[PDB]
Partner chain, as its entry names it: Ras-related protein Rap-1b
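Single chain ahead, written as structure tokens, the form solved without its partner chain.
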């Protein structure tokens, strides 16, 4: 009768299936308490730990849940028995930056933020220290309210506060040196009788600071490049273009805007090639998600001019 829909903070809502395991995504949206303005920003994904797939409005979530091992087998080289899929509320990857940039809906801001925060904290955002220090300061206000000196002034910025305001990939070596500027800026949000108190203004300010990160809004895919030397990669694909991360470190390897690179289908459906326009070099990415990536690149580039 019912099914869990998660948000990227890990919370979830219970929904009623009008047509049982035949219930569509579109129905489910309407199944929850949501308008077609609100539904403009997100849809349903199905994700297990190592594969996330955006659903069409006419797909049937539960059957994809049922059919996951073969989906996994079609799309990845994972062991099927070690992944459990769940349904998620997450950003529509087609959502143009320009349209998002006008978002005023509290609910949408929240879904979008919980997702941005997850991405920030896991290391999928590369941005300079200044940017990271700003976001951390916003997280402090959001999670702990006004700066209050009695508790903080440094000594209450222990690696476990920190853990929750900076990317996990910066937290052992970079961020211990940012702790002063983080508190300074945190003091200014609380001290600012001009910048708004409210939970959705902070969340929105948070998204504002994310909008320029190159990988913002990307859907990730896993893959490999053969420089015997194999580099495991996340392929990021977004409204701005194509991005490769190291799977281990999250180090950004390359970022390419639509127009400054072209792609070719591999000889088989399990790889694709990227030719640099300026660097005049080529590389191949191996991943059984090749067809996905390539269609998302055609579709998102076409959303331009």
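Positions refer to the first chain, counted from 1.
What comes next is about the form deposited with its partner chain bound, which is not displayed.
* Asked: Is every one of 82, 212 and 257 in contact with its partner chain in the deposited bound form, taking contact as a heavy atom within 4.5 Å?
  -> No, because 82, 212 and 257 lack any heavy atom that approaches its partner chain to within 4.5 Å in the deposited bound form.
* Considering only heavy atoms, tell me if residue 14 and its partner chain come within 4.5 Å of each other in the deposited bound form. => Yes - in the deposited bound form, heavy atoms of residue 14 and its partner chain come within 4.5 Å of each other.
* To do: Verify the contact flag for residue 110: yes if a non-hydrogen atom of it lies within 4.5 Å of a non-hydrogen atom of its partner chain in the deposited bound form, no if not.
  => Yes, contact at 4.5 Å.
* Asked: Contact between residue 98 and its partner chain in the deposited bound form at 4.5 Å, heavy atoms?
  -> No.
* its partner chain contact in the deposited bound form: residue 195, any heavy atom under 4.5 Å -> Outside the cut-off, so no.
* Among the candidate residues 143, 231, 168, 130, which is the single one with a non-hydrogen atom no more than 4.5 Å from its partner chain in the deposited bound form? -> None of the others qualify; the residue that does is 143.
* Of these, 101-109, 204-212, 172-180, 118-126, which stretch puts a heavy atom within 4.5 angstroms of its partner chain in the deposited bound form? -> Of the stretches listed, the one contacting the partner is 101-109.
* What residues in 155-177 sit within 4.5 Å of its partner chain in the deposited bound form, counting heavy atoms only? -> Result: 160 alone.
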